[PDB]
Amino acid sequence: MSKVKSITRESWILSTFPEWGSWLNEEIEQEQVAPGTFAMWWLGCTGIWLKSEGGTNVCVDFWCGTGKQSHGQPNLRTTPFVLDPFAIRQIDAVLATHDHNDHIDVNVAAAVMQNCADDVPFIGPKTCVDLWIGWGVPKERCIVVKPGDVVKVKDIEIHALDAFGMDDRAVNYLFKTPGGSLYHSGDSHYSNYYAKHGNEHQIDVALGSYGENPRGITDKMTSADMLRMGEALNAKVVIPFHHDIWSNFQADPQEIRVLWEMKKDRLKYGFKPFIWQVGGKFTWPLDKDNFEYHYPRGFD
């Protein structure tokens, strides 16, 4: 018996995946979030882990599925797995913006239910709660939210806002930490109601679904819409996400910068764009003027 004979498909898969193992699980675990700041990690697609200065851990739209695996729409997942859901331990809330496939995940739910404390709430619109209960998440552990609702999870004020009786289907979140606010728009198309939120709230960092729409499809925000969003929200930082995940939606985030450069002076834009990378951290307000993220290079 040699390596060539003993190894099978499953032995390879189960020793290789997820790609990052629990590296980021540990990174988030040991991250000390300074006062007057908040830290966040891009988990792929619209997945965001949020950590407040008080050590509060919040997880939004964390998705661990894949696209097509066979020929038996050619959406192929182009983002690796930067966070193992089954390595999560310290978490204080599990959120979903809407019930679309790649925003809510049974495996994430399964992991939290098996490994984490029983007082972790699952927060989302009715349709997401219906979907969670179906997977076996206890009723009493789910908080249904509508636009207008505010949910206090430790030191994080979660503001449920309008997405675009649809209150049952989708919501946007505004996370208010003692160090800054974060806007998560899920997979919303651009809407004028972004302006409402900008007038009614102080928004620091804002995330919006960027992506290259295939011919005859309007599923993602364009580079021009990302800018309109930042302006409407009166944000300081505008970060594209969702553009990472789907082969057919492969987009160039640099378009947001190039357009921003043409328009910022003329329109008096009060924000900067920021190109992130999946698995990457962001600290507000430290990283607000960085423009472009880079992974840790050296060994410092």
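Counting begins at 1, following the sequence as shown.
Residue 216 to residue 217: deposited residues without atomic coordinates:
Gap between residue 216 and residue 217: none, chain continuous.
Per the entry, how many residues of the deposited chain go unmodelled between residue 164 and residue 165: none, 1 to 3, 4 to 9, or 10 or more?
According to the record, 10 or more deposited residues lack coordinates from residue 164 to residue 165.
Mean C-alpha temperature factor, higher of 166-174 and 105-113
Here the higher of the two C-alpha B-factor means belongs to 166-174.
Between 5-13 and 273-281, name whichever shows the higher mean Cα B factor according to the PDB entry.
Looking at the recorded C-alpha B-factors, 5-13 comes out higher on average.
Based on the PDB record, which member of 237, 43, 33, 267 exhibits the highest Cα temperature factor?
Highest C-alpha B-factor among the listed options: 33.
Using the temperature factors in the entry, find which of 223, 79, 199, 209 has the highest value at its Cα atom.
Most elevated C-alpha B-factor of the set, per the entry: 199.
Against its chain's modelled residues, does residue 255's Cα B factor rank lowest, middle or highest third?
Bottom third by C-alpha B-factor.
Considering only modelled residues of the same chain, in which third does the CA B-factor of residue 145 rank: lowest, middle or highest?
Tercile = highest for this residue's CA B-factor.
Among the modelled residues of its chain, does the C-alpha B-factor of residue 72 lie in the lowest, middle or highest third?
CA B-factor rank for residue 72: highest third.
Would you mind ranking residue 228 by its C-alpha B-factor against the rest of the chain and naming the third, lowest, middle or highest?
For residue 228, the deposited C-alpha B-factor lands in the lowest third.
Just say lowest, middle or highest third for the CA B-factor of residue 29 relative to the other modelled residues in its chain.
It belongs to the highest third of the chain when residues are ordered by C-alpha B-factor.
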